[PDB]
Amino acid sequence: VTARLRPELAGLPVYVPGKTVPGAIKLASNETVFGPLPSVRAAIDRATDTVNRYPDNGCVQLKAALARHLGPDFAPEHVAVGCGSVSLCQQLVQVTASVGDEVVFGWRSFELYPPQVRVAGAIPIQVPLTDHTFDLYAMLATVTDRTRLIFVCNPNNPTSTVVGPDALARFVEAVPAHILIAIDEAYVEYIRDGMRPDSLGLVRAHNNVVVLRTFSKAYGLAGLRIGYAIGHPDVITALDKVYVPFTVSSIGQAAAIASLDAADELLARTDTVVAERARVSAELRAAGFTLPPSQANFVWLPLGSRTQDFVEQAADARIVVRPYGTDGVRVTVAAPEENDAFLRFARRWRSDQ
């Protein structure tokens, strides 16, 4: 006899990290490459003084700062904070979907959507992509009476691509207005080529749109775990009901506030990443690789059954990239010397095939 656990746990699609290759160049986690600004370390140092005290559960000053950052139409009541946007992903399922309810998203997409939906006893509706891109028409066709939540990942992880900004608006307009739609905008700060949607305009115009963002990437605080959701006050209130209390640390909040104060400098750095992304993409395509147009801080290599081998051999060259089954490899765009090292590996590996 053992402790009886839920049958849903059986072969639950777990998030598995990449194995650590000591000293390897880290192109597997979509991290930016710079340590904290002086003002961010100072805020962290000051917050370290009171590590014996619980954080502000309501993240009051952080919400105020976020609403200010967001603009005049946004107040603290429109903002929920979570322990990474990954926590907010689960909170969205928890406020919308239970047993038998359906959650729709393009697939392949963020690897945590399926397990988080399954943990709730809900049914993941995984809609195939075309041109490695969310197919909004196919997703809409997939809606039923049991649909309680839709995830639009934009840019998409792991395929790197974006939908058209007006297409997104038409999609939102077409979805029954009582179904919550979450636009996961983890890489929104890297979009260029006039493809960035009117994210805030959409939440202003639609009560059922919620936008998710993160401090982990462009704002460089992946280690400290701060994400936020922007939406209608009733949606925000619900997210905070299921929020596990105190999960956003005091150091996290302090660092996040200091980072918003330095947004202009931090956002400006994304230009350099975009330039390197364009260069890495061009050189890969020149060497014979196929990949879609990226609007994030990584590219997607649909290598199929060669995925495992690519990633194993990269690891032999002290380079860590992220495999996805037998679909493809996601490679983060990092510092120029690091990207060149990846490129030398890629060209050699290609020639050998």
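Start at 1 with the first residue shown and count on from there.
When the two stretches 14 to 22 and 330 to 338 are set side by side, the higher mean Cα temperature factor goes to 14 to 22.
Across the two stretches, 148 to 156 and 262 to 270, the PDB entry reports the greater mean Cα temperature factor for 262 to 270. Remark: of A287, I44, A28, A296, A287 shows the highest value [criterion: C-alpha B-factor in the PDB entry]. Comparing C-alpha B-factors across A182, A205, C83, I230 in the deposited entry, the largest value falls on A205. Annotation for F74: CA B-factor lies in the highest third of the chain's modelled residues.
Among all modelled residues in its chain, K63 ranks in the lowest third by Cα B-factor. Annotation for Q116: CA B-factor lies in the lowest third of the chain's modelled residues.
When all modelled residues of the chain are sorted by CA temperature factor, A275 is found within the middle third.
Ranked within its chain, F110 lands in the middle third, by CA B factor from the PDB record.
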